[PDB]
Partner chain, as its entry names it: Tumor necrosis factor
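The form deposited without the partner chain is given below as one chain in structure tokens.
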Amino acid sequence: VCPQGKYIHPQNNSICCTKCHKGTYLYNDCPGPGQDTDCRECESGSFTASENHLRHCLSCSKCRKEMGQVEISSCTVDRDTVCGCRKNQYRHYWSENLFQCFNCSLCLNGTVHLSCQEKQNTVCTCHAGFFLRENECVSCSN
């Protein structure tokens, strides 16, 4: 079929044009072998992520800010925005692909194991033989 990186001409299923590039749409399909495809760039704010032959770019998506989000590199012809987590809170994907930043919990009096990190909250184990509970250090059933 069209080898790597070429697609099938709709009009004539015997001609294979280059696929566009990230960032650009197809303004029109290349006229016959040998010929370039008209890839005109994305009107900001929009993108396409990849090889494609798309008649339009996909708009920028803003962050689902209900989840205490902030994006942290902007949407820009290849890149849809990346949102990620606000000044050292943590990225709880629930379920992906929504997620929220909960706040980073410092331990509820235990000894720090893992420090707070983009996939996981700080991780605790505890002071003075308390019964261990995620963050919390709760003595026992009480």
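Positions refer to the first chain, counted from 1.
Note that the form deposited with the partner chain bound isn't included here; everything after this is about it.
In the bound PDB entry, no heavy atom of residue 85 sits within 4.5 Å of the partner chain.
Looking at residue 100, you'd find a heavy atom of it within 4.5 angstroms of the partner chain in the bound PDB entry. In the bound PDB entry, the partner chain lies within 4.5 Å of some heavy atom of residue 59.
A residue is said to contact a partner when one of its heavy atoms sits within 4.5 Å of a partner heavy atom; residue 106 fails this definition for the partner chain in the bound PDB entry, lying far away. For the partner-free chain shown, 51, 52, 53, 54, 56, 57, 58, 59, 60, 61, 62, 64, 65, 66, 67 of 51-75 come within 4.5 angstroms of the partner chain in the bound PDB entry, judged by any non-hydrogen atom.
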